[PDB]
Every structure is written in structure tokens, then in C-alpha cells.
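Since the structure comes first, as C-alpha cells, the remarks are kept for the end.
Letters A, B, ... are given to chains in the order of the sequence lines, protein chains preceding strands, and every chain is numbered from 1. Any value given below was found using the heavy atoms of this structure, including those in side chains, with hydrogens, waters and symmetry copies removed.
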Amino acid sequence: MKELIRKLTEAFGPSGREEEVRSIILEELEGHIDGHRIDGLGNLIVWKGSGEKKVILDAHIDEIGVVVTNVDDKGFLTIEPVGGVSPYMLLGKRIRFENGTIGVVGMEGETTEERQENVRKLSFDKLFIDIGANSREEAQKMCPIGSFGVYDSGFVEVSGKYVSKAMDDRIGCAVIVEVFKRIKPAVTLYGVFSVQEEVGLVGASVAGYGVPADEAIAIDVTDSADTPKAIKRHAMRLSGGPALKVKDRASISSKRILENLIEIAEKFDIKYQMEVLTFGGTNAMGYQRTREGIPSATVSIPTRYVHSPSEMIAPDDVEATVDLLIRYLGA
Amino acid sequence: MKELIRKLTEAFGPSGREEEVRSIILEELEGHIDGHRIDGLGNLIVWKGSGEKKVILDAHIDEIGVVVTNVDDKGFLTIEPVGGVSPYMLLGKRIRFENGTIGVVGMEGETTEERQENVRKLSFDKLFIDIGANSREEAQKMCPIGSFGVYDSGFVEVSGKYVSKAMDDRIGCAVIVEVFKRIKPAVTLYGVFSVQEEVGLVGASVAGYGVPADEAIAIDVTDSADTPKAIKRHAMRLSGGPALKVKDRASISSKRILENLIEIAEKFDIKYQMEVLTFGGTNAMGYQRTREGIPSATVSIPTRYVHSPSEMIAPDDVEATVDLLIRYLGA
Amino acid sequence: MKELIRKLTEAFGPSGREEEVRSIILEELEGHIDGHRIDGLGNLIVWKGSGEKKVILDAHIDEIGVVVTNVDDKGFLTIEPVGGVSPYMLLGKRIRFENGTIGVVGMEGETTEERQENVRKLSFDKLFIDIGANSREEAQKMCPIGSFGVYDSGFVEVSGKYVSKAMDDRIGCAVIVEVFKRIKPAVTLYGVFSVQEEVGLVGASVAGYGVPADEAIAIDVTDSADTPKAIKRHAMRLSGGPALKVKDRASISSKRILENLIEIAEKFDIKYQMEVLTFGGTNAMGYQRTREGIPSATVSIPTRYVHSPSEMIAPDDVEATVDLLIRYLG
């Protein structure tokens, strides 16, 4: 699965500009799906099988990023976050823009005391991007206002863990692709690779509309609270298996679906952990609220350092999640 | 357009009580539309033309305002904001209520020290409206609880700029009315004049449901950051032409639609500017999330002092916006 | 020069562990120096040419970094800075250790409020490094206490500018190495590639002791204050040519050496700029305090985002500096 994960995480796909991710996913799926369509928002919907029960598996293909809001006379850029990227994460980091341009993030401060105050209260107003331009005109040629960027960081293996940008939610995309590659479905299986989750769960809010699903299961990342002084109320851990989301701020999972997943996990002795998340949301909310309502749940990959350029996952949890879905939906 | 703008901005239409504005728009459109309907929430939907492509143009007809929440023994009124009206804008101001009553906004404070602290952290809890009542009973007769009000201020020309209340989004309403008046559409053109945008984008959230649109373009105001110490990360300026919204907190514009608009603008050499807004939202969000999803974008009029009683626009920006839409949708 | 700069900035050389850098400098200089020695601290001292005047050119080969101070039960590392690396620069970054281990820097915070508070007043006590270990036992094997690390970042060209880690002071090293490759020296030219500059100017404090120098010229980075809301009292800019340091907190340059350099630049139409730095120091201090005192000066390469993992220079300034030195000494 490593190469698939490496390819998807490194691909350029911030919210609203996910086309490259969608294409890579389509290619990977060729020969493993019966059909597909791409809707108006850019959601990729694929299907395999002919079983009576219809199930959606959803993962979002957008990642967090930045967008250029202004250019000054000397050619430095200002940016606005796309999704929940912290300004503290950006300091001294490199940004990769859609056209391949690389920029360096710098912070303002006319005095050492001002720099010290700025970092104590960091905001995007105090940040800028240097793309090597020497004038406004030159910067506009390379990266005009409205240009999107992502972390300039890639996949690397760290003593058996995988580290990359955009585990959120390329790791989810990889899980679902892998399910389609392997499964002989007992259900009619719908794969939705949805846009713009990071800016309001937008794609999954409509992707369900044209899909007659009995169930929707969102696959996403969750907080692995096993680091020093981790979020105390969060129980999730690396290598603890798939995390079955009881609740987060966006949704409460269908009890019936969780019980099914739990029974499946116990029967096949798949390691799993229960999740209640005290912040954040997932695409499950979108399917839940579509039409007359699709009962929905979330299965999560425990991930360290979410929204950093070095998100970390345990490959055993990913495999177990693909296994759990396969046992639940087929063979 | 001056008389149309003067008429629309001066009309009484706070969120949920937009009827007078709707009637005016209907009267102005007479002879320029094939048909119209008014839905359950009060959205006004109109159509002209027979083209293959179906396009919605949306402007919201509600304005920010106040609503009466309580009355005291002496006949003074307490109010709650309707939409994002700041208390600071309110002070010393006159409010015009639906039944035509004028009220004066006053602030509490039993000592000069108290008054100073109140203005230091102003809130609606510290404000009251004086409508000349001498008792609760008398006030209850003039402006009972639940009466809606708006700014008592009107249209004025300021050295060639237009100033009025409710440029947001009467200026949007004017643009669409003027498009329908002039255009010979190569498209099927749907005009949606939607209610209750200021209180959660309520109207545009359902107005698309019954309209088989290929595209939706929201016409709304945006922050013109060309005043002293303006919002630094915002690029928009008066006389910079229509602002093509890449993103705001509510939506990311459809890339294809923006590119189409950009090409039209370059080809006909219409002044335009690219917009990323660091706060706020528009009706584009409602259409994006409608049914299976309508690809949507926003085109904005640069406006100074948004949500004040003296919002300011450049007539050239409005005309260029009218021009851009005509070129995009017809001749 | 690009490839020399790319190689040097990417090499592993934090203070006190500069060996890999020293080897590369030696390899590059082969055939361009008459002789060399490495002293007890690891300073690499080289010489070329003969002449009555003896001149030192100095660049430090160490870069800023981190060192492991402790390990917990779950296998996470705590670190201490080596030199002036800000904890804010480390958040979410990757660290490359000497034996090649890669680590991820994370921050503590048991509540969302705590995390915000920690970010508000960040310190090394709030940081940890994740190397993928699942236990202390496993971690001590991979990266025991006392392991050194540097930024895991590399050289990239950004619209005609050079960006990498450790322009400070690899860019100084490349300049001096380049002078040696090109120069036919009119002096006896001493090149000192010194250690532990970032931790108190240690190497340059003694590197001059065994060298009979008339003059010392330190080559180092300086603050390029041409970014938005840059340090307002700093005038130095990219593409402004080499910066002649009148003063910083560590030293005041010899006026005589500065005047010679100014005259050389004027004579040969080399662009240059005057530098006054309100913070920081260079190896020039060490030479001036050596023995009976060696008159010393600093010539600086204008650099943006110093002590970040993405330091930025203009190749024209560097090339102009090589030029200024060749003109002066050969």
C-alpha cells in the first residue's frame, strides 16, 4: 500500500483544486470498478458490485493549504489559510504552488521586540511568502492573487511509521481505493472521493444526493493522542486499529452501523478502538443530512500531528481498516 | 441606474421583511422577463430567454437591521441585531421602522465613568431606542416587540461616488435588474432575488431547488480595502472593476466559472480584480449545496464601510459588472 | 558555484560535529592549496601562496541544530538547541540526525487551551521529537542521549535566488573555497574553516593562535532587511553586493581593512554596501582577541530568514564577494 499512499499524499490537491488527486484515483481504480461519474462540484463517484444493500464509502480528496490574497510592491505575497492550517505551522516552511512555484514563508517585525510579540500572537497578517520575485509585476506573473498552495513536503518512512503531508485525507482515499482493488462485494459498493471537506464539508453535502445509499461510512483521520502531554480526553492511539467514531462536533454515528462494524471486528479479531472526538468534523455529517437522511458513521485512521506537514500514521491501522471494510462489505 | 439604485437602497427590507423591495424589483422588471414566481420563503424567481445553458443570477434583497425585543415602563425599546450590525454603528443613529416610526438610539450609563466603560465594550444590552413614547403601553402601540427596523438614511451622491444604506445587496439587485433590462440572452437566464441572506443565507439555500440551473453566480458586495489603514490582506478597491471571488469563508468559487468570467473580461477589456475575502460569506454557498450541487461563483461590487449607514460604491464598478455579465450571458 | 553551495548547505555539520563538512571542503580544495592542518578542536586550516603579508579568510563550518537530552517511556526525545535555533522554527519540521535517523518535532499540550498557551510562550521544554520508536529501549538504540540533529531540508532555486539550510555559514565556506580555486595570491593566504561558531565563537577563538596573520577577514552571513516589515534599523539588502561590517555586538571592524576593501571595490566597480548590525556576532571577534591581537574585519553575504531551514541569498552578492577578495589579495 506504501506506493499508493506515497503517490496520493504527495499529489497537489488543496480545497477547490483537487483535480490531480481525482485523476490519480481514477487511474488506480481502472479495472476495479464497474462505472463512475464526476459531478458538478468535482466529486468522483465510482461503483462496484450488484448487492442488494447499497453502501457509500467516502474519503475527501482535498487537503489543507494556503491561497494568495495580495501582492506588495516588492513582490512578497500575503496568504489566507485554506482549511485549518495554523500560522505557527507555516513559519520557515516552504510552499508548493499549483504551477510548481516554490515560496518561503517569512514573518514581519521591524524590531526584535516586534518579532517576539508577533510570534507570541501569530496571525496570517504577520506572515508573507517569498517566491523570489523582485517586483509586484514579477510576482503576479508567477503567482497571481487567487493562486493555491500546499506544504512542500513529501512521504518518508520513520522507523515503521509513514510520515507525509495530507494523510488527512489521502490515507482515507488510499483505504477506499485498496478496498475496491481487493473486494468481491456482497453489496452494491459506492466509492465517493469528495471535494472541499476542509472548508465546510462541501462535496459530501451533495455527493449523496444522486446515490441511493442505505448506508454511508466516511473514512477520515483522527487525533492519535499518544504523544507526550497529548490531548487528555482523547483515547485514540497509533497501532490501536481503526477508530470507530461514536461522536464528534459534526456528527453522531449510527449505532446500528457501529454495532455491525464492532461485530465484524470481533468475529475476525480485528483490533479496533472507540472514538469520541472533542473537536473537528467529518463528511459523515453531509450524508446524514442528504434527502430523507442516510444513516452514516465514521471510521478513522489514528494520525499524529494532524494539519502539520509531517502527519504520522501506523501502516498496521490502515491495513486493518481496509480489512474491516472488506469483511463488512464482501470478501 | 442611479434612480434604480436610489430606489432599491432606500426601500425598507430587513431580513424576513423584504416584501417592499420585492415589489419594486417586480415593477422594474415588467416587460423584461418571460415569467416569474414567488416561493414559500419569499424568494422572487424570474426568467428570460431560451438558451441551452441554464444560469442563475442571485442577489439578496434583505438588508441588515434591528428588531425590538423588549419595552420598559418608560416606553424605551430594547433591540437585537438583524444580521451583522455593530452596536457602534447604531449609536446616535435614527432607525426607521416598518410602520414608518422613527426612533433614536441611546446608550446606558449611570455615571460618566460607567458611560466610558460601556462605550469601551459596547453591546446591545447597553443600547435602547427612543420613539418618543412616555409609557410602556404607548410604546406597545407604536412599536411592539418584534417590530423590525433599518437605518434611517438615504441615497446621496458624494463627488461621483454613490452612498446609501443597503448597498449590500441592493446594488446587487440593481445589477441583475439592469442585466435583465438590457440583455438578449444566449442562455436561459434565471434571476433570483433571495430573502434572509444576512441571517444565515436562508433564501439562496432553497431557491435553487426548483430551478434546473447549470450555473449560479451570486452578485454581492465585498470589502473595498482602499481606505487609510484598510484591511491589509484584502486587495479589492473601488474603480478596480468587478471582483471575482476566488474564496471567502462560506465558499470557493467554481474554477471553470471564474476562468470563463476572466476570459470574457480580458477579451472585452473590462476592468476586474481577483478577490480572496478573509471574512464573510455569500449566497453562492446555498446554490453549491443545492440538490446534487450547482457549480457556483461570486462576482462582487467593491464597497466601502459595509454594514454602515453610508456604504459607498463606484458607479463605474457597477456598470462594468453589468457589462461583464451581459458579455458572459448574451449581447 | 551552485553545486558547491548545494553540497555544503546540505552536508551534516552542527556545532561540535562538523567532520563531514570539513572533509568536503578538503576534497574541493585539492590541488588548490599548498598545505593544510586540522587542530585539536577540528578547525581546518589551509594555506596557499607566499608573500610578506599574511591574511586569514575565515568561515565557520558548523550550523545550528539540536541535541537529544532525554528519552521517555514511549520512546519520544527531548532536545536542547545547538546555537540560536528558535523553537518556533522547529514546530512540525523534520530533523535529520547524524546516523541518518529522521525525526518529527511535535509540541505538548493536554488541552486545546494548553496548546494555545504553549504556542504563545514556546520553549524547548514544550517540544519533543518523534523518531517512530515505540519504547525507550528502542529509541536509545536509534538516537541515544547526545545525538545531534540538523534541519531536514535541502537546496532549491527560487526564481534566481538560492535557498537551503545553513547558508549560515556554508555560503561563507563556498566563497572562501572559490577564492582559493581562482586566486593567484599576492599574499600568503590562510583559509580557516572553523568550528563551533554558533556556540560561542569557539573555533575562531584559537584558530588564529598558530597563524602569523597581519589581517583577518571573516566571511559570514548578515541580515538582509529587504522583506516586509524587516528590521528597520538594518540597511542591508540582497543584490546590494558584499556588506562591509562596520560593527555588530561582537566586534568593530578595523577601519583600515574596511578602507582597503572600499578602495578595491571602487577601483574595480564592484557593488558593495555598508553594514551595521544591531544583533549577532562573527568569528572576527576571535581573531582580534588572539595573542597580541590581529586586526580583523567581516565581509557579509546578505541573507534572508537566517536560522530558518530556508535561508535565502542572491548568487550575485556571493560572486561579487569572491570578486572583492580576489581583487584584494591576488
CG (B/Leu329) and CD1 (B/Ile183) are apart, to the nearest 0.5 Å, by 5.0 Å
Step-by-step salt bridge (charged side-chain N to carboxylate O under 4.0 Å, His left out) determination, B/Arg304 to B/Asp226
CA-CA 8 Å; B/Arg304 286 174 188 166; B/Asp226 52 1; 3.0 Å; yes
Would a distance-only check, ignoring hydrogens and angles, find a side-chain to backbone donor-acceptor pair under 3.5 Å from B/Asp317 to B/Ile301?
no
Exercise. Does a sphere of radius 6.0 Å around CZ in B/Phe268 hold more than 12 heavy atoms from other residues, nucleotides or ligands, not counting ones at 6.0 Å or beyond?
Worked result: yes
Q) Counting only N and O atoms by type, is there a donor-acceptor contact under 3.5 Å from the side chain of B/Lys271 to the main-chain atoms of B/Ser239? A) yes
Is it true that B/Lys181 and B/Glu178 make a salt bridge, defined as a side-chain N closer than 4.0 Å to a carboxylate O? no
From CA spacing to verdict: salt bridge (charged side-chain N to carboxylate O under 4.0 Å, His left out), B/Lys255, A/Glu19: CA-CA 11 Å; B/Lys255 184 178 172 172; A/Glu19 173 277 324; over 6 Å; no
Can you tell me if B/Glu311 uses its side chain to pair, donor with acceptor, with the backbone of B/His307 under 3.5 Å? yes
Within-4.5 Å side-chain heavy-atom neighbours: B/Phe180 and B/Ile33:
yes
Donor-acceptor under 3.5 Å (B/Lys93 side chain, B/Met89 main chain): yes
Handout entry: Aromatic ring proximity B/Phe155/B/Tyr162, centre distance under 6.0 Å
Key = yes
Q) Just by distance, do the side chain of A/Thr69 and the backbone of A/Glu80 share a donor-acceptor pair under 3.5 Å? A) no
| Would you say B/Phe193 and B/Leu29 make side-chain contact, with heavy atoms under 4.5 Å? | yes
For A/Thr78 and A/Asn70, indicate whether the former's side chain and the latter's backbone hold a donor-acceptor pair under 3.5 Å.
yes
Mark yes when over 12 heavy atoms from residues, nucleotides or ligands other than B/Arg291 sit less than 6.0 Å from its CZ; otherwise mark no. yes
* **Residues B/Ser164 and B/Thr9: side-chain donor-acceptor under 3.5 angstrom** => yes
- Would you check if the side chain of A/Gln288 reaches a backbone N or O of A/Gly286 as a donor-acceptor pair within less than 3.5 Å? no
Less than 4.5 Å apart, any side-chain heavy atom of B/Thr303 and any of B/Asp223? no
Open item on the list: Could you check whether B/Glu263 pairs with B/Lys267 (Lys NZ or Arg NE/NH1/NH2 to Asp/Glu carboxylate O, under 4.0 Å)?
Closed with: yes
* To do: Return yes when atom CZ of B/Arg182 has more than 12 non-hydrogen atoms of other residues, nucleotides or ligands closer than 6.0 Å, and no otherwise.
  => yes
Basic-acidic side-chain contact under 4.0 Å: B/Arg96, B/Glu20 = no
query: Are any of the side-chain heavy atoms of A/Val199 and B/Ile252 separated by less than 4.5 Å?
result: yes
Greater than 12 external heavy atoms within 6.0 Å of A/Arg289's CZ:
no
With B/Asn43 as partner, the option from B/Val202, B/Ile38, B/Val206 fulfilling side chain to side chain contact (heavy atoms under 4.5 Å, CB included) is B/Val206
Look only at the side chain of A/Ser205 and the backbone of A/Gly203, and say whether a donor-acceptor pair between them is shorter than 3.5 Å.
no
query: Heavy-atom distance under 4.5 Å between the side chains of B/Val192 and B/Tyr287, does that happen here?
result: yes
Checklist entry - Will you find, in the side chains of B/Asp58 and B/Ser194, an N or O donor that is under 3.5 Å from an N or O acceptor? => result yes
Looking at B/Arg233 and A/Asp125, is any side-chain nitrogen of the basic one under 4.0 Å from a carboxylate oxygen of the acidic one? yes
Mark yes or no for whether B/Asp62, through its side chain, and B/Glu198, through its backbone, hold a donor-acceptor pair below 3.5 Å. yes
For this session: Tell me yes or no: between the side chains of B/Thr282 and B/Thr298, is some donor less than 3.5 Å from an acceptor?
Result: yes
Nearest heavy-atom approach of B/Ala11 to B/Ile24 is CB-CD1, 3.7 Å
In this structure, OG of B/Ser300 is separated from CG of B/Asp248 (nearest 0.5 Å) by 8.0 Å
Q) Hey, are B/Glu215 and B/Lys54 close enough for a salt bridge, meaning a charged N less than 4.0 Å from a carboxylate O? A) no
Just by distance, do the side chain of B/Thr290 and the backbone of B/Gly208 share a donor-acceptor pair under 3.5 Å?
no
Are B/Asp323 and B/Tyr328 side-chain neighbours, meaning at least one heavy-atom pair lies under 4.5 Å? no
Is the shortest heavy-atom distance from the side chain of A/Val67 to the side chain of A/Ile79 under 4.5 Å? no
In B/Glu63, B/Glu18, B/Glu10, the residue satisfying salt bridge (charged side-chain N to carboxylate O under 4.0 Å, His left out) with B/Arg170 is B/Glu63
